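Student: Sharing a structure with you now.
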Amino acid sequence: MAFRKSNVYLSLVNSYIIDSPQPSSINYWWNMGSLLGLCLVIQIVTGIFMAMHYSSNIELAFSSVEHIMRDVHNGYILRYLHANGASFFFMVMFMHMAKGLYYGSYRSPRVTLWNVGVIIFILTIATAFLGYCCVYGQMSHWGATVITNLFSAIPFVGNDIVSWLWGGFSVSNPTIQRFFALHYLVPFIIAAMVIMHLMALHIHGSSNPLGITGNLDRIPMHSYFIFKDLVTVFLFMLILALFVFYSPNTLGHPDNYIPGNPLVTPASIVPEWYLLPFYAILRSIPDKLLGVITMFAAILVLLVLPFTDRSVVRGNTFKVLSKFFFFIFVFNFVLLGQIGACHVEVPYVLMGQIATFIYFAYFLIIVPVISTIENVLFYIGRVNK
Amino acid sequence: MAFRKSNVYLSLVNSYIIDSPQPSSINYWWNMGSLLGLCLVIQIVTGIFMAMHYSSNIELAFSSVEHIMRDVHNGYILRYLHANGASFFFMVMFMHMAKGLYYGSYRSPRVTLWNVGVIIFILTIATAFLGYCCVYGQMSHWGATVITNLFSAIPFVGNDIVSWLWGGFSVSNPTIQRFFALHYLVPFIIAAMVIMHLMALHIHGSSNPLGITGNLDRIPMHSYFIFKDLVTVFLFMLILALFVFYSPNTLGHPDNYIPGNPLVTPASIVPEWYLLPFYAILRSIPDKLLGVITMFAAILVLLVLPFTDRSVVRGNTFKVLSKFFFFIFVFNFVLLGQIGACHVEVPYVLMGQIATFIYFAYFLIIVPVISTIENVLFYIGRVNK
Amino acid sequence: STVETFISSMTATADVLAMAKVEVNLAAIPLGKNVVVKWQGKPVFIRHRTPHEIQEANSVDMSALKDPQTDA
Amino acid sequence: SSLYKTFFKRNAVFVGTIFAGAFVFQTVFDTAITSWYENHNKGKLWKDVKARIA
Amino acid sequence: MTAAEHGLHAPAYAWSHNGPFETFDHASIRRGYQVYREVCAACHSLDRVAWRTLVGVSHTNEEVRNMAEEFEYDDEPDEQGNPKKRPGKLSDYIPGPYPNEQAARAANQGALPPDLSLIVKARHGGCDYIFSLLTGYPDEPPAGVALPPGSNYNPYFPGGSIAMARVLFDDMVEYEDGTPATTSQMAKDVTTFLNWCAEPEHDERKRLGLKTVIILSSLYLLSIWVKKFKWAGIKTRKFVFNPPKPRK
Amino acid sequence: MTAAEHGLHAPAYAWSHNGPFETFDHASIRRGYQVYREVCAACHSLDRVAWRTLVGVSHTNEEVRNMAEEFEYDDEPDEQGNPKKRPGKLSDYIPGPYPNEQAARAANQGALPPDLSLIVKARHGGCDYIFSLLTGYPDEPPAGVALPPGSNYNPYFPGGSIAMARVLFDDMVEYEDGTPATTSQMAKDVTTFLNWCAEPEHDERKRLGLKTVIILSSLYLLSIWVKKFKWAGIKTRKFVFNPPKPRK
Ligand SMILES: CCCCCCCCCCC(=O)OC[C@H](COP(=O)(O)OC[C@H](O)COP(=O)(O)OC[C@@H](COC(=O)CC)OC(=O)CCC)OC(=O)CCCCCCCC
Ligand code: HEC
Ligand code: HEC
Ligand code: HEC
Ligand code: HEC
Ligand code: HEC
Ligand code: HEC
Ligand SMILES: COc1c(O)c(C)c(C/C=C(\C)CC/C=C(\C)CC/C=C(/C)CC/C=C(\C)CC/C=C(\C)CCC=C(C)C)c(O)c1OC
Ligand SMILES: COc1c(O)c(C)c(C/C=C(\C)CC/C=C(\C)CC/C=C(\C)CC/C=C(\C)CC/C=C(/C)CCC=C(C)C)c(O)c1OC
Ligand SMILES: CCCCCCCCCCCCCCC(=O)O[C@H](COC(=O)CCCCCCCCCCCC)COP(=O)(O)O
Ligand SMILES: CCCCCCCCCCCCCCCCCC(=O)O[C@H](COC(=O)CCCCCC)COP(=O)(O)OCCN
Ligand SMILES: CCCCCCCCCCCCCCCCCC(=O)O[C@H](COC(=O)CCCCCC)COP(=O)(O)OCCN
Ligand SMILES: CCCCCCCCCCCCCC(=O)O[C@H](COC(=O)CCCCCCCCCCC)COP(=O)(O)O
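Shown next, in the form of structure tokens:
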């Protein structure tokens, strides 16, 4: 046989990116996976070449970031690529998970793939939070303080857990040093989970935007989806180059260029832009413990998703009401982000509570009821009696 | 079928550490691989939990190491495990490569396995050197200086390569910071190369100490070699616990507790104990460029090994002269280490040159000639005419 | 261009090129004094010589030197 | 086009043509874009200010 | 919050360095440094701006050297361990007027004057906010506002009550080039200078952005062509189906 | 090198903390601190030893507090930014006698006295080397050695010529417990104290070593039993072979 098939190392390259049978009807929404892989490689390479100049002391963190942006040759390129690419990493990941919810890729036989995806999502949120605290600006310090006090809400144990996390009594030098070590560490766990994700994908192949089988008309990976992914790679690099070179500090928060001061609290403490729906979910609950439980349940309710989709056809392509309520859900998630960006004021508390309820009601009540009604409507539309 | 066979993730755990067919005659020398895996996990876990307290500035490196050994709870356990476990990592790796040379595991069909082993060996030497320079003692600073000036020996380009490595004009703050970043990075490349090593092993299975096939009497991995590896794991932890808790600073060099001073040169600059044969090979050549080329050729001459072993039986088990000259080679390697630990004095220069020549003559002249003579001797011993 | 960016980011930064040169004063160092400074991460010996030390320097025969070199 | 396949037939001369094209393109594109970016900002750069200061 | 705690919205002034192609006005940066040194530098540090960054940007080599040699920095001590001073050089940083935080809070009625190295990048609105802050003090606060004594009013500060004084008056500095130095002129000059101090890469960032956007747009259109090319065998593929003989 | 450049080999003194079970002599550490403070501390810093490490090791709580309050450290400045001092506390470090390196080289004829926090762990020989260094000065150097003026001889230093003076004489300090304070007694006490300063974990390190070696030896013997147990079906396995009927 061929050398790409008989060699031990090149057989994986073959069976994953050369001769992988892909369904020939998949559109550009089946390209966000390759795009996330490229953006992860961007994050790791800029992280290494920018962490060769970073000193993680609490008295030397912000000065070393400014040393990168001023004294290091092309260091502004590195930091701006790194932060804005983390923003694009979460945006492409949100689009990828929306592709997962829409076309029904979570359903059987792809439950393992969906669960490893949710694990990757949790690890990526953790990585972004740790790296945002490594800047040690104003928002970095106070966001670390608020999230660890949320961990202090745990009954009978929590204060000692938080003194363990801090490595002291408040967010201090051991906290920033261990956040830098963990933040260097967790992306390699993300890379291992990505390899496990690709294995759980490869044992059944991709889905298709129709929700029927794709075993009939398969076309290879090579040259077809290689050049289709190359198209979206160049578009992604174009938009990233715009938001790096022409308007770099748009997505960030301007308070992060104030150095970390434990005495001055800011006027409005807000995380970076993508953690705002989860921050709104947590802020909508009038309790600390129930708030933390609801914030983690807002990700575990993605795990309870394949067991509630009672639709007998895969994906929302050929269904009306499920497609409508899907876009209700997407614009609700955007409204959660925008509620979280605001203050704790009338009527944003009541709207945050209603928006959290519509989030959990979509994942727990709306999907099974609308899928059951859509099944019975498909049946009685064509069966006569 | 069973769940350990039908699941995607547990099938790898099955086919590697549960139902892997091992030859039933392999002795305890086929246990150094599991021992190296355990010692790599030790190095990584102690590296993370000790790099949560490490600040990599040149003015704050040695003080942070002493902060680990004094102020951090159980930090002396972490540093002593880490340094002495790196010493045991190279000792078990030397024993593993000697198992490879002795029993002929380099021969066909295992050339890919041997080449990935040599790549792992080079990456591990690089990791140990970078982490030894991260201490920034006296030996750390001056060893970094000598090795990078050896990189300045390269014609027409080398000075700019060294100004690129240093990040300046001598071993300074950017050098120590990038050595810490690279030293955090390269062990994950070692883990990836270890996974590739296990793949290239698994496509043909282990050898056996007889040099014949082992396809006839295979016994599984599980409970048999699991508990045999558990025996040597507990012995390895026992000896590591001795050299950590009762005599920790034996293997190290006492000059490394002097802080890094660029003005004072030491009386004798010596690397840590295992790089001494390679340092002796390089010091034996009266030229800088030929010295660096000979030092890298002393590892690439392990790659030229399967093409010179002209013995028709696998391994030195049933051959007299090859076994004798193998132990000549092993004690020559020890003599290289002991020559390198000494000064540049009469007669250690002449003995270093003779010992380097016997090293390269074993890998290039002694093995093919003795294997040819042993083949003809096996033939005419039993064939009558 | 990507390789240029990620490799030239590891070269000597701006502030370590700022301290590449020292500008020691000729009028401030006395005659019979030696000045030892840390410049460019290296020691530098500085001396104001007398003309008799110049005459001692340029009149030693080259065969008393394993690497002969004139004073200028 | 035409019958010339001494550029496209052999992959050695084809990738050598692509490399020589990029080698010219780096220099020409950089010089042209620096000239345009300084022509668009006439009067604002330090060259014009240093020429203005007597 | 009301509009008073949030502060009034700074409007859209048409700066000479907005837009994806316009660079800084380096003569305005030179005049902004002059207004900085003669007004702000009594009370604002500039701790992250080295002297060498002004060489070739707003001043020549000898101008920066003769401005840095007016200041005293800490030399390495002498042969008896006595601490000594030295005149500045190109590699040092611009020194603040205050030796520590407590001297600043003592000399400014408790309020700490923030370091202005990143102040146009650490406020929302940015350039427009700094300009409207400087030129926004009323002659008298609106009727019904009880200021705490020692504080001043301008609506652009969040809360209304600021602890700065109105420090831009008509012709308090003289310009080297003879530009009429009114309040708005000096405020525009220092806001351009602080934009330089926060973003010294701005010129090279925009020209490398021009190169990168041109090359990636060309690559994106070329890749659209090659995708439409190599998929042409699959887009135009056709299927006919005559149903087979049912006897088999 | 000759034996002169390498230095004479320090012999094997039988310390009270050698061996895998013996700990430090804490009364000897207390007396070693007294000899340190009254002899060495004029010229040797101890920069890495905090005051709190002596509490419960060689002194009580109030003794360390009343020894630390004799020294002055840098307080945070007052409400006018003036620098002020404060008496020491338990969280500070033991201060050196010299404010910087140049004062040390000025007061000691050019030679820099090394910091003694790790000096028994940064010399080959260790305890034996420090003890033989202190008690090794001859009354006069051997015949034919031209010492550079201002330097002293003892054979244990590498090169023979050391820039230290012989600073251990008979009964220059008085001990609190009434021990006869000869030169060798004081040298043994300071070498034990410097062993404590380099290795404060030494006591707990040896007892955790005892626990770990006992548990791992028991695990190693138990694992040998379980390996001989689960392989018993394979060691005793037997094979007989009657060769098959050749017609097939
Ligand atoms: C925000 C930062 C994200 C950074 C990620 C960068 C990549 C952005 C990805 C956006 C995306 O993937 O959307 C895909 C969406 C669905 O695609 P489809 O397969 O149903 O359409 C087949 C096409 O006609 C085939 O036509 P063809 O394949 O020959 O060319 C496609 C097109 C390439 O454009 C794109 O990839 C998306 C812009 O080439 C062009 O002609 C462009 C002309 C300038 O494309 C569409 O057709 C648009 C439908 C509405 C989507 C709106 C998205 C709002 C979120
Ligand atoms: C060293 C390896 C490294 C890796 C790998 C890495 N980063 Fe980072 N990251 C850093 C460093 C260093 C910083 C702080 C310096 C900075 O912010 O510019 C940082 C900062 C960040 C920030 C804050 C940026 C800012 O300035 O506000 C975000 C967000 C972030 N990382 C996200 C990610 C994500 C998402 C990934 C991958 C999934 C990732 N990082 C991988 C090194 C790394
Ligand atoms: C953070 C992850 C990390 C990993 C992974 C790691 N180390 Fe280290 N290592 C360190 C740190 C931090 C130091 C410096 C602190 C110290 O020496 O105690 C160090 C120091 C060392 C030293 C010098 C020890 C001394 O004190 O002299 C050696 C030798 C070494 N590492 C070898 C290795 C080897 C071999 C591996 C794996 C194959 C490895 N390290 C993996 C963090 C790591
Ligand atoms: C929470 C959901 C989820 C997350 C987050 C997620 N994935 Fe996926 N991924 C999927 C699903 C589901 C599929 C298959 C969907 C289908 O084919 O219908 C998939 C498919 C893929 C594919 C195959 C191509 C494709 O688009 O189907 C790649 C490659 C991939 N993922 C990589 C990644 C990478 C890299 C990350 C981030 C590190 C990631 N994924 C994060 C759920 C997820
Ligand atoms: C360059 C030589 C070499 C190096 C270095 C090397 N290996 Fe191996 N390894 C081998 C060879 C050869 C074999 C096959 C043994 C044989 O001949 O049957 C092997 C086999 C193994 C095995 C299977 C168990 C065994 O004993 O054979 C493991 C596990 C293994 N290697 C792990 C490692 C790990 C882990 C490292 C370092 C991280 C490593 N090896 C480094 C050559 C090497
Ligand atoms: C009278 C002393 C004084 C002078 C002179 C002075 N400042 Fe201020 N400035 C202050 C003080 C005090 C603050 C702090 C205001 C506060 O914290 O409420 C301040 C704050 C600022 C702020 C931040 C305001 C905010 O709300 O964040 C800016 C911007 C500023 N000054 C610009 C300037 C500029 C430009 C100059 C030079 C023209 C200047 N200042 C000169 C005292 C002064
Ligand atoms: C006269 C001033 C002086 C006094 C008093 C003094 N020292 Fe020293 N000591 C030095 C100098 C100078 C050196 C280093 C000299 C050299 O390097 O040649 C030194 C070096 C040492 C060294 C290491 C020498 C080496 O070669 O590594 C030790 C150990 C030492 N002193 C211990 C002590 C002890 C213990 C005391 C108090 C009991 C003490 N010293 C008191 C001046 C002094
Ligand atoms: C030929 O027969 C075989 C055989 O086939 C096999 C497979 C093996 C087995 C081989 C191995 C076990 C080697 C495997 C080694 C690896 C896979 C390397 C992986 C190493 C790692 C350390 C994985 C990385 C994991 C981490 C870095 C996680 C650590 C994270 C921490 C500690 C986070 C801490 C932070 C907090 C907040 C808790 C044999 O031993 C063997 O001979 C009998
Ligand atoms: C479903 O079909 C598939 C499919 O099967 C696959 C695999 C992919 C591809 C997906 C990926 C490749 C994502 C996987 C991503 C990873 C495994 C991340 C790997 C990245 C790293 C391990 C980090 C990179 C590390 C380096 C490059 C090391 C070198 C770095 C440095 C800094 C060394 C420099 C130092 C010096 C001294 C020069 C698809 O896109 C795809 O859809 C078409
Ligand atoms: C690990 C990182 C994952 C990133 C996801 C990237 C997904 C797309 C990868 C594109 C690879 C293109 C190879 C095609 C190929 O070799 O076809 C080869 C030849 O094709 C070409 O020469 C393509 C021209 C050169 C394109 C170079 C693109 C480099 C920019 C890559 C930017 C992203 C890294 C085989 O083509 P053929 O079988 O039709 O004959
Ligand atoms: C991040 C990776 C995580 C783990 C996933 C594993 C997938 C790895 C993908 C690597 C793809 C590129 C590898 C190409 C190597 C192919 C060359 C080859 O196989 O030739 C091999 C020899 O390989 C070597 O000597 C060096 C291999 C080192 C590879 C280090 C990268 C030829 O050997 P052959 O297959 O013909 O067997 C005949 C037996 N005598
Ligand atoms: C570069 C490679 C790095 C190493 C990766 C390869 C080695 C991975 C070894 C992993 C061993 C531990 C995995 C055992 C978990 C088995 C559970 C399982 O497979 O059930 C999966 C579901 O798994 C999940 O939901 C999340 C698993 C994430 C794993 C996170 C570690 C169900 O699988 P299945 O479809 O066969 O079940 C049908 C029901 N009868
Ligand atoms: C994560 C990999 C770490 C492997 C360490 C192996 C090196 C041997 C030295 C260990 C000394 C550090 C522990 C210690 O100081 O304990 C000391 C006791 O000694 C021991 O029990 C060590 C026995 C090791 C058994 C290994 C079991 C395998 C566990 C795998 C991980 C879940 C201190 O005990 P104590 O703090 O008083 O409770």
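Residue numbers (PDB author numbering), protein chains in the order written: chain N, 1 to 385; chain C, 1 to 385; chain P, 73 to 144; chain T, 4 to 57; chain O, 62 to 309; chain D, 62 to 309. Even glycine gets a Cβ: it sits at the ideal position worked out from N, Cα and C.
In chain order, which continuous runs of the alpha helix (DSSP H) of length 4 or greater are located wholly inside the segment 248-316 of chain N?
Tutor: As far as the segment 248-316 of chain N is concerned, its whole alpha helix (DSSP H) runs of at least 4 residues are 276-283 and 288-300.
Student: Mind checking which residues open and close the beta strand (DSSP E) that includes C/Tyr80?
Tutor: As a working mapping, residue 80 of chain C is identified with position 80 in the second sequence. Per DSSP, C/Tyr80 belongs to no beta strand (DSSP E); it is in the alpha helix (DSSP H), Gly75 to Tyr102.
Student: Note down the Cα distance separating O/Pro304 from O/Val287, rounded to an integer number of angstroms.
Tutor: Reading the fifth sequence from its first residue, position 243 is the one you call residue 304 of chain O. Reading the fifth sequence from its first residue, position 226 is the one you call residue 287 of chain O. One C-alpha to the other measures close to 37 Å.
Student: Compute the minimum distance between the beta carbon of N/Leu242 and the heavy atoms of ligand 5, and state whether it is under 7 Å.
Tutor: Along the first sequence, one-based indexing puts residue 242 of chain N at 242. No, the beta carbon of N/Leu242 sits no closer than 7 Å to any heavy atom of ligand 5.
Student: Please specify which runs of the alpha helix (DSSP H), each continuous and at least 4 residues long, are wholly inside the segment 94-172 of chain O, giving them in chain order.
Tutor: The qualifying runs are 122-129 and 162-168.
Student: Between the segment 152-178 of chain O and chain P, which residues of the former have a C-beta closer than 9 Å to a C-beta of the latter?
Tutor: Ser152 and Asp153
Student: Just verifying my parser: in three-state terms, what is the DSSP assignment at N/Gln22?
Tutor: Taking the first sequence and counting its residues from 1, one reaches residue 22 of chain N at position 22. Assigned with DSSP and collapsed to three states, N/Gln22 falls in strand.
Student: Taking P/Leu89 as the reference, give the member of O/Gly221, O/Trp112 and O/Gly142 with the closest Cα.
Tutor: For the purposes of this step, residue 89 of chain P is taken as residue 17 along the third sequence, with counting starting at 1. For P/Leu89, the nearest C-alpha among the options comes from O/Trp112.
Student: Out of C/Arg218, C/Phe227 and C/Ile219, point me to the one whose CA is closest to D/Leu282's CA.
Tutor: Working through the sixth sequence from its first residue, we reach residue 282 of chain D at position 221. Residue C/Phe227 is the option with its Cα nearest to D/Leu282.
Student: Among all residues, which have a Cβ less than 6 Å from at least one non-hydrogen atom of ligand 10, and in what chain order do they fall?
Tutor: N/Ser34, N/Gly37, N/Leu38, N/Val41, N/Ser223, N/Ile226, N/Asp229, N/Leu230 and N/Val233
Student: If the cut-off is 7 Å on Cβ atoms, which residues from the segment 70-93 of chain C count as contacting chain D, listed in chain order?
Tutor: Within the segment 70-93 of chain C, the residues whose Cβ lies closer than 7 Å to some Cβ of chain D are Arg70 and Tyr76, listed in chain order.
Student: Give a yes or no on whether the C-beta atoms belonging to N/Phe236 and N/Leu35 are separated by under 8 Å.
Tutor: In the first sequence, residue 236 of chain N corresponds to position 236, counting from 1. In the first sequence, residue 35 of chain N corresponds to position 35, counting from 1. In this structure, N/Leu35 lies closer than 8 Å to N/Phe236 by Cβ.
Student: Could you tell me whether any Cβ in chain O is nearer than 8 Å to the Cβ of N/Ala241?
Tutor: If you number the first sequence from 1, residue 241 of chain N lands on position 241. Yes - at least one Cβ of chain O is within 8 Å of the one on N/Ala241.
Student: Please classify C/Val344: does DSSP put it in a helix, a strand, or coil?
Tutor: Here residue 344 of chain C corresponds to residue number 344 of the second sequence, with the count starting at 1. Coil, per DSSP.
Student: Hey, does T/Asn44 have any beta-carbon neighbour from chain O nearer than 8 Å?
Tutor: As a first step, residue 44 of chain T is located in the fourth sequence; it is residue number 41 there, counting from the start. Judged by the 8 Å Cβ criterion, T/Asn44 is in contact with chain O.
Student: Output needed for N/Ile190: all residues of its chain with C-beta closer than 8 Å, excluding positions within five of it in sequence on either side, in chain order.
Tutor: Along the first sequence, one-based indexing puts residue 190 of chain N at 190. Contacts found: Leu40, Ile120, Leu123, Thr124 and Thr127.
Student: Which residue from C/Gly337, C/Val233, C/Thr356 and C/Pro306 puts its Cα closest to that of C/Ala298?
Tutor: In the second sequence, residue 298 of chain C corresponds to position 298, counting from 1. The shortest Cα separation from C/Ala298 among C/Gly337, C/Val233, C/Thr356 and C/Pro306 belongs to C/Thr356.
Student: Run down chain O in chain order and give the residues with a C-beta less than 7 Å from the C-beta of residue 2 of chain D.
Tutor: Nothing can be reported for residue 2 of chain D: it is not among the residues displayed for chain D, which extend from 62 to 309.
Student: Indicate, with yes or no, if ligand 11 has a heavy atom lying under 7 Å from the CB of C/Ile119.
Tutor: As a first step, residue 119 of chain C is located in the second sequence; it is residue number 119 there, counting from the start. Answer for C/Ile119: yes, Cβ within range of ligand 11.
Student: Going by the CB atoms, is the gap between C/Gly137 and C/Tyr257 shorter than 8 Å?
Tutor: Along the second sequence, read from residue 1 onward, the residue named residue 257 of chain C stands at position 257. Along the second sequence, read from residue 1 onward, the residue named residue 137 of chain C stands at position 137. Contact flag set, yes.
Student: Among the residues of its own chain, which have a CB less than 6 Å from the CB of N/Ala280, if the five just before and after it don't count?
Tutor: In the first sequence, the residue the question calls residue 280 of chain N occupies position 280. So the list reads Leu336, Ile339, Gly340 and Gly352, once near-sequence residues are dropped.
Student: Using DSSP's beta-bridge definition, name the partner residues of O/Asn213.
Tutor: The residue you call residue 213 of chain O lines up with position 152 of the fifth sequence. DSSP links O/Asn213 through a beta bridge to O/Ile223.
Student: Is any heavy atom of ligand 8 found at a distance shorter than 7 Å from the C-beta of C/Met221?
Tutor: In the second sequence, counting from the first residue as 1, residue 221 of chain C sits at position 221. Yes, Cβ of C/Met221 sits closer than 7 Å to a heavy atom of ligand 8.
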